[PDB]
Amino acid sequence: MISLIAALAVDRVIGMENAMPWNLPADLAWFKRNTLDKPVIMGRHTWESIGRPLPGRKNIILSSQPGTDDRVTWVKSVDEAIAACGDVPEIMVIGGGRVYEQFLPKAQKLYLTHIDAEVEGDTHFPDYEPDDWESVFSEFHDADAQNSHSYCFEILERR
Ligand SMILES: NC(=O)c1ccc[n+]([C@@H]2O[C@H](COP(=O)([O-])OP(=O)(O)OC[C@H]3O[C@@H](n4cnc5c(N)ncnc54)[C@H](OP(=O)(O)O)[C@@H]3O)[C@@H](O)[C@H]2O)c1
Ligand SMILES: Nc1nc(=O)c2nc(CNc3ccc(C(=O)N[C@@H](CCC(=O)O)C(=O)O)cc3)cnc2[nH]1
């Protein structure tokens, strides 16, 4: 099955000028936890934003153009991206905006972090129909010395 994982600020903002402006180490730890040892699918802009392969994961990059780095797998379509994952229980789609839009209709699970921060951004998580999704896990955390905003981890399953 296909899952999406994302961190959303207020108004579903996920990025600004090809970057993620906040720093929330608790949330990056959650991301690592939930993606380690799974294939991760990302768009080319997100690959450039991360800037290097994610270790311990098969990194699959969607681009219409040929690949420029053989440390990762390059594919030209959604169907090719899925096929390159092989027969695994869970495929993690890690964005960005355009890639999330394409995989949302196929996804069975959403791993969402809601961050209490207002960021003037240019990229948004897709508008999802809330009736289609059941919350199966929710955990709220106040800000602390390491994490300057409060945040909520949620896992939603398609009903
Ligand atoms: N907060 C979060 O959870 C989170 C997560 C991920 C990313 N982000 C942010 O999101 C932003 C990047 O998002 P974005 O929407 O601009 O870009 P994106 O979705 O990362 O990448 C878009 C690119 O991927 C390729 N692509 C997408 N679908 C394709 C298809 N079906 N076939 C072939 N190629 C395809 C194209 O590359 P070519 O142009 O090479 O064809 C396209 O230009 C950044 O600000 C990043 O920091 C935030
Ligand atoms: N919940 C969530 N938070 C995010 O920040 C996030 N970011 C992306 C895309 N961008 C990034 C940027 C950096 C790293 C990163 O450096 N991760 C290391 C963290 C090591 C750690 O903090 O433990 C990794 O190994 O996963 C991952 C994804 C996709 N989904 C997300 N999902």
# chains A, B, ... in the order shown; residues from 1 in each chain; ligands from 1
$ residues_near_ligand --ligand "ligand 1" --cutoff "6 Å" --atoms "only C-alpha atoms and all ligand atoms" --output "JSON, numbers by chain"
{"A": [6, 7, 8, 14, 15, 16, 17, 18, 19, 20, 42, 43, 44, 45, 46, 49, 62, 63, 64, 65, 76, 77, 78, 94, 95, 96, 97, 98, 99, 123]}
$ write_last_selection --atoms "N, CA, C and O atoms" --output "CSV table (one decimal), in the first residue's frame"
chain,number,residue,atom,x,y,z
A,6,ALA,N,3.9,13.9,5.6
A,6,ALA,CA,4.1,15.3,5.4
A,6,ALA,C,4.0,16.0,6.7
A,6,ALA,O,3.4,15.6,7.6
A,7,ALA,N,4.7,17.2,6.8
A,7,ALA,CA,4.5,18.1,7.9
A,7,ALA,C,3.9,19.4,7.3
A,7,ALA,O,4.4,20.0,6.4
A,8,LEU,N,2.8,19.8,7.9
A,8,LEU,CA,1.9,21.0,7.5
A,8,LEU,C,1.9,22.1,8.5
A,8,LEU,O,1.6,21.8,9.7
A,14,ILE,N,3.4,23.7,3.2
A,14,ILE,CA,4.5,22.8,3.3
A,14,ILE,C,5.9,23.3,2.8
A,14,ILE,O,6.9,22.6,3.0
A,15,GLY,N,5.9,24.4,2.2
A,15,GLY,CA,7.2,24.9,1.7
A,15,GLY,C,7.2,26.4,1.3
A,15,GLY,O,6.1,27.0,1.1
A,16,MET,N,8.4,26.9,1.2
A,16,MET,CA,8.7,28.3,0.8
A,16,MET,C,10.0,28.4,0.1
A,16,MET,O,11.0,28.0,0.6
A,17,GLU,N,9.9,28.7,-1.2
A,17,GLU,CA,11.2,28.9,-2.0
A,17,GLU,C,12.0,27.7,-2.0
A,17,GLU,O,13.3,27.7,-1.8
A,18,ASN,N,11.4,26.5,-2.1
A,18,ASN,CA,12.0,25.2,-2.2
A,18,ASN,C,12.7,24.8,-0.9
A,18,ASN,O,13.6,23.9,-0.9
A,19,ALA,N,12.2,25.3,0.2
A,19,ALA,CA,12.8,25.0,1.5
A,19,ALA,C,11.7,24.9,2.5
A,19,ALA,O,10.5,25.2,2.2
A,20,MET,N,12.0,24.2,3.6
A,20,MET,CA,11.2,24.1,4.8
A,20,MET,C,11.7,25.1,6.0
A,20,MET,O,12.7,25.0,6.6
A,42,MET,N,9.9,10.7,-4.1
A,42,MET,CA,9.9,12.1,-4.1
A,42,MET,C,10.0,12.7,-5.5
A,42,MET,O,10.6,12.1,-6.4
A,43,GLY,N,9.5,13.9,-5.6
A,43,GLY,CA,9.7,14.7,-6.8
A,43,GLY,C,11.1,15.4,-6.9
A,43,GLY,O,11.8,15.5,-5.9
A,44,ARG,N,11.5,15.8,-8.1
A,44,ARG,CA,12.8,16.3,-8.3
A,44,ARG,C,13.1,17.6,-7.4
A,44,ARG,O,14.2,17.8,-7.0
A,45,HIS,N,12.1,18.4,-7.2
A,45,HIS,CA,12.3,19.7,-6.4
A,45,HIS,C,12.7,19.3,-5.0
A,45,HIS,O,13.6,19.8,-4.4
A,46,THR,N,11.9,18.3,-4.4
A,46,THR,CA,12.2,17.8,-3.1
A,46,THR,C,13.6,17.2,-3.0
A,46,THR,O,14.3,17.4,-2.0
A,49,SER,N,15.9,19.9,-2.7
A,49,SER,CA,15.8,20.6,-1.3
A,49,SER,C,16.4,19.8,-0.2
A,49,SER,O,17.1,20.3,0.6
A,62,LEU,N,11.1,11.1,-9.0
A,62,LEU,CA,10.4,11.4,-10.2
A,62,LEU,C,10.9,12.6,-10.9
A,62,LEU,O,11.0,13.7,-10.3
A,63,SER,N,11.2,12.4,-12.2
A,63,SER,CA,11.5,13.5,-13.1
A,63,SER,C,11.2,13.1,-14.5
A,63,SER,O,11.5,11.9,-14.9
A,64,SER,N,10.8,14.1,-15.3
A,64,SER,CA,10.7,13.9,-16.7
A,64,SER,C,12.0,13.8,-17.5
A,64,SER,O,12.1,13.4,-18.6
A,65,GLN,N,13.0,14.3,-16.8
A,65,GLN,CA,14.4,14.2,-17.4
A,65,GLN,C,15.4,13.2,-16.8
A,65,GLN,O,15.3,12.5,-15.7
A,76,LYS,N,10.2,8.0,-14.6
A,76,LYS,CA,9.6,9.0,-15.4
A,76,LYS,C,8.0,9.1,-15.2
A,76,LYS,O,7.4,9.9,-15.9
A,77,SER,N,7.4,8.2,-14.4
A,77,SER,CA,6.0,8.2,-14.3
A,77,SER,C,5.6,7.6,-12.9
A,77,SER,O,6.5,7.0,-12.3
A,78,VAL,N,4.4,7.8,-12.5
A,78,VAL,CA,3.9,7.3,-11.3
A,78,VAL,C,3.9,5.8,-11.3
A,78,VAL,O,4.4,5.1,-10.3
A,94,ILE,N,7.0,11.1,-0.1
A,94,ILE,CA,7.5,12.1,0.8
A,94,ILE,C,7.5,13.5,0.1
A,94,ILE,O,8.1,14.4,0.6
A,95,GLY,N,6.7,13.7,-0.9
A,95,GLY,CA,6.4,15.0,-1.5
A,95,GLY,C,7.2,15.3,-2.7
A,95,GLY,O,8.0,14.5,-3.2
A,96,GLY,N,7.2,16.6,-3.2
A,96,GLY,CA,6.5,17.7,-2.7
A,96,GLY,C,5.0,17.8,-3.1
A,96,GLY,O,4.3,16.8,-3.3
A,97,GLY,N,4.6,19.1,-3.2
A,97,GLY,CA,3.2,19.4,-3.5
A,97,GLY,C,2.6,18.6,-4.7
A,97,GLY,O,1.6,18.0,-4.6
A,98,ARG,N,3.3,18.7,-5.8
A,98,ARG,CA,2.8,18.1,-7.1
A,98,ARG,C,2.8,16.6,-7.0
A,98,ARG,O,1.9,16.0,-7.5
A,99,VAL,N,3.8,16.0,-6.3
A,99,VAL,CA,3.8,14.6,-6.1
A,99,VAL,C,2.7,14.1,-5.1
A,99,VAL,O,2.0,13.1,-5.4
A,123,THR,N,3.9,26.5,-1.4
A,123,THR,CA,3.5,25.1,-1.7
A,123,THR,C,2.6,24.6,-0.6
A,123,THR,O,2.9,24.9,0.6
$ closest_atom_pairs --of "chain A" --to "ligand 2" --cutoff "9 Å" --atoms "only C-alpha atoms and all ligand atoms" --output "JSON lines"
{"residue": "A:4", "atom": "CA", "partner": "ligand 2", "partner_atom_place_in_ligand_line": "30 (N)", "distance": 8.1}
{"residue": "A:5", "atom": "CA", "partner": "ligand 2", "partner_atom_place_in_ligand_line": "32 (N)", "distance": 5.1}
{"residue": "A:6", "atom": "CA", "partner": "ligand 2", "partner_atom_place_in_ligand_line": "32 (N)", "distance": 3.7}
{"residue": "A:7", "atom": "CA", "partner": "ligand 2", "partner_atom_place_in_ligand_line": "1 (N)", "distance": 4.2}
{"residue": "A:8", "atom": "CA", "partner": "ligand 2", "partner_atom_place_in_ligand_line": "1 (N)", "distance": 8.0}
{"residue": "A:14", "atom": "CA", "partner": "ligand 2", "partner_atom_place_in_ligand_line": "7 (N)", "distance": 8.6}
{"residue": "A:19", "atom": "CA", "partner": "ligand 2", "partner_atom_place_in_ligand_line": "10 (N)", "distance": 8.3}
{"residue": "A:20", "atom": "CA", "partner": "ligand 2", "partner_atom_place_in_ligand_line": "5 (O)", "distance": 7.3}
{"residue": "A:22", "atom": "CA", "partner": "ligand 2", "partner_atom_place_in_ligand_line": "5 (O)", "distance": 8.6}
{"residue": "A:23", "atom": "CA", "partner": "ligand 2", "partner_atom_place_in_ligand_line": "5 (O)", "distance": 8.2}
{"residue": "A:24", "atom": "CA", "partner": "ligand 2", "partner_atom_place_in_ligand_line": "5 (O)", "distance": 7.6}
{"residue": "A:25", "atom": "CA", "partner": "ligand 2", "partner_atom_place_in_ligand_line": "22 (O)", "distance": 5.7}
{"residue": "A:26", "atom": "CA", "partner": "ligand 2", "partner_atom_place_in_ligand_line": "22 (O)", "distance": 7.5}
{"residue": "A:27", "atom": "CA", "partner": "ligand 2", "partner_atom_place_in_ligand_line": "3 (N)", "distance": 5.5}
{"residue": "A:28", "atom": "CA", "partner": "ligand 2", "partner_atom_place_in_ligand_line": "22 (O)", "distance": 4.3}
{"residue": "A:29", "atom": "CA", "partner": "ligand 2", "partner_atom_place_in_ligand_line": "23 (O)", "distance": 4.1}
{"residue": "A:30", "atom": "CA", "partner": "ligand 2", "partner_atom_place_in_ligand_line": "1 (N)", "distance": 6.5}
{"residue": "A:31", "atom": "CA", "partner": "ligand 2", "partner_atom_place_in_ligand_line": "1 (N)", "distance": 4.9}
{"residue": "A:32", "atom": "CA", "partner": "ligand 2", "partner_atom_place_in_ligand_line": "26 (O)", "distance": 3.9}
{"residue": "A:33", "atom": "CA", "partner": "ligand 2", "partner_atom_place_in_ligand_line": "26 (O)", "distance": 7.6}
{"residue": "A:34", "atom": "CA", "partner": "ligand 2", "partner_atom_place_in_ligand_line": "26 (O)", "distance": 8.9}
{"residue": "A:35", "atom": "CA", "partner": "ligand 2", "partner_atom_place_in_ligand_line": "26 (O)", "distance": 7.2}
{"residue": "A:36", "atom": "CA", "partner": "ligand 2", "partner_atom_place_in_ligand_line": "26 (O)", "distance": 7.4}
{"residue": "A:42", "atom": "CA", "partner": "ligand 2", "partner_atom_place_in_ligand_line": "9 (C)", "distance": 8.2}
{"residue": "A:46", "atom": "CA", "partner": "ligand 2", "partner_atom_place_in_ligand_line": "9 (C)", "distance": 6.2}
{"residue": "A:47", "atom": "CA", "partner": "ligand 2", "partner_atom_place_in_ligand_line": "10 (N)", "distance": 8.0}
{"residue": "A:49", "atom": "CA", "partner": "ligand 2", "partner_atom_place_in_ligand_line": "10 (N)", "distance": 6.9}
{"residue": "A:50", "atom": "CA", "partner": "ligand 2", "partner_atom_place_in_ligand_line": "12 (C)", "distance": 4.9}
{"residue": "A:51", "atom": "CA", "partner": "ligand 2", "partner_atom_place_in_ligand_line": "12 (C)", "distance": 8.5}
{"residue": "A:52", "atom": "CA", "partner": "ligand 2", "partner_atom_place_in_ligand_line": "16 (O)", "distance": 8.7}
{"residue": "A:53", "atom": "CA", "partner": "ligand 2", "partner_atom_place_in_ligand_line": "25 (O)", "distance": 9.0}
{"residue": "A:54", "atom": "CA", "partner": "ligand 2", "partner_atom_place_in_ligand_line": "25 (O)", "distance": 5.6}
{"residue": "A:55", "atom": "CA", "partner": "ligand 2", "partner_atom_place_in_ligand_line": "25 (O)", "distance": 6.1}
{"residue": "A:56", "atom": "CA", "partner": "ligand 2", "partner_atom_place_in_ligand_line": "25 (O)", "distance": 8.0}
{"residue": "A:57", "atom": "CA", "partner": "ligand 2", "partner_atom_place_in_ligand_line": "25 (O)", "distance": 8.9}
{"residue": "A:93", "atom": "CA", "partner": "ligand 2", "partner_atom_place_in_ligand_line": "30 (N)", "distance": 7.9}
{"residue": "A:94", "atom": "CA", "partner": "ligand 2", "partner_atom_place_in_ligand_line": "29 (C)", "distance": 4.3}
{"residue": "A:95", "atom": "CA", "partner": "ligand 2", "partner_atom_place_in_ligand_line": "29 (C)", "distance": 5.8}
{"residue": "A:96", "atom": "CA", "partner": "ligand 2", "partner_atom_place_in_ligand_line": "9 (C)", "distance": 7.2}
{"residue": "A:111", "atom": "CA", "partner": "ligand 2", "partner_atom_place_in_ligand_line": "1 (N)", "distance": 7.1}
{"residue": "A:112", "atom": "CA", "partner": "ligand 2", "partner_atom_place_in_ligand_line": "1 (N)", "distance": 6.1}
{"residue": "A:113", "atom": "CA", "partner": "ligand 2", "partner_atom_place_in_ligand_line": "1 (N)", "distance": 5.3}
{"residue": "A:114", "atom": "CA", "partner": "ligand 2", "partner_atom_place_in_ligand_line": "1 (N)", "distance": 8.6}
{"residue": "A:153", "atom": "CA", "partner": "ligand 2", "partner_atom_place_in_ligand_line": "1 (N)", "distance": 8.2}
$ select_by_dssp --residues "stretch 100-151 of chain A" --states "alpha helix (DSSP H)" --output "list in words"
residues 100, 101, 102 and 103 of chain A
$ atom_distance --atom1 "atom CA of residue A:130" --atom2 "atom CA of residue A:61"
28.6 Å
$ residues_around --residues "stretch 134-143 of chain A" --least-positions-apart "2" --cutoff "10 Å" --atoms "only C-alpha atoms" --output "PyMOL selection string"
chain A and resi 24+26+109-116+130-132+145-159
